[PDB]
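Below sits a lone chain in structure tokens, taken as the form deposited in one PDB entry.
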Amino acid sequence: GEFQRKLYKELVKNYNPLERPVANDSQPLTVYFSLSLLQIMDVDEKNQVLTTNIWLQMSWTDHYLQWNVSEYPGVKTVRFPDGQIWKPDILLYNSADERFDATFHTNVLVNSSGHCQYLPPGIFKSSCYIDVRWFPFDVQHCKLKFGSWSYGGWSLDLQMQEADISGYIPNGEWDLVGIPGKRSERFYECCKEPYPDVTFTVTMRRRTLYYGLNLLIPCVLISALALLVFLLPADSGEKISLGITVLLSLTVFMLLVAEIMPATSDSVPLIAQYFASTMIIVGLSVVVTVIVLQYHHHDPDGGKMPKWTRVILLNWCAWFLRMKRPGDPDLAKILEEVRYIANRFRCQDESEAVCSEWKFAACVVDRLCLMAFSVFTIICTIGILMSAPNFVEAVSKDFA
């Protein structure tokens, strides 16, 4: 329209986009800053990068862009693109993007009274410290620090407004707890003027159903399978294979967890502690299996069972476990031959008796170590899992 054309012609005249829109140059310009969070795009623990979708909200007052609505009775607001009016140079300090500024430059809407609104959208990547001490049950706080780059406290006075989460789209992995904000002015070695900034803290809680069903459960099942080796009779040689194959499966689980986790040395993580506990458990199980096999294939002639070992294993542990221990001259020539044969049979009988004793001792040791290892693994797993804070809260909210 003619009124719109005349207004655009008049406003642009004698306008310098390099000048701060203030009637009085000695007074700070008040700028209100906020943001609206739309989506938590990604959390990268290995690279420690948070990717989010955010609309920034900037509001201020321009002294020159004012007109009387009566003279232009059809237009109430105007729009100006980048590079033709003054705009705050607000940037995100802790950016992790190859381009430091990742905001799409849109139009700026102006009142008839000179009120400027700026709503740039963006996919922001920031670098926030990620704590993996209590993973999977960790809670993360990520910082987003915004501030002007070349405007101190005597020129541009930054003000904070509460973040808007009405349009937030729930994520399938993280639960949004809150997004508080705080405004603070700091000092820099460059300059002698304080510089304000606004920091928004995003608090997120990781949902644990996927991890607790894909990592925790198979670990306990496979550890139980390793415990099962204490039930196989020693007469079938399939114990070492069981133990070693279980160890291999644990190693592949460890490589998966290692490829999904950051290489930080800040603290030992809970999953690593669990894997180490299972490592020692299965290794000691294999060692005990070797000891049992050594006892089982004991040569009867090789030696005699120590008195202490006998008095322990065959009586105390047997009673405790309620296991019962199993148990003319030609005529003279024929006579001595059959005597020799009978004596040979007697010797074989004594040898088999000693062998049976050794086998019983091996069985007793096997049963004792089965019970002990079951108790140990149950206690260790329960303690390690429950040591995490808010573990019960996570379990309730996810599974229940």
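Just so we're on the same page, rigid core means the largest C-alpha set that superposes within 1.5 Å between forms. The numbering used is simple: start at 1 and walk along the sequence shown.
Beyond the structure shown, there is the form deposited in another entry, which is absent from this document and is the topic of what follows.
- Per-residue Cα shift between this form and the one not shown after core alignment stays below 2 Å for all of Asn315, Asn94, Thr201, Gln161 except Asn315.
- Annotation for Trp358: C-alpha shift of 2 angstroms or more between this form and the one not shown, rigid core superposed.
- Put the two forms on the same core and the Cα of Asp301 is off by 2 Å or more between this form and the one not shown.
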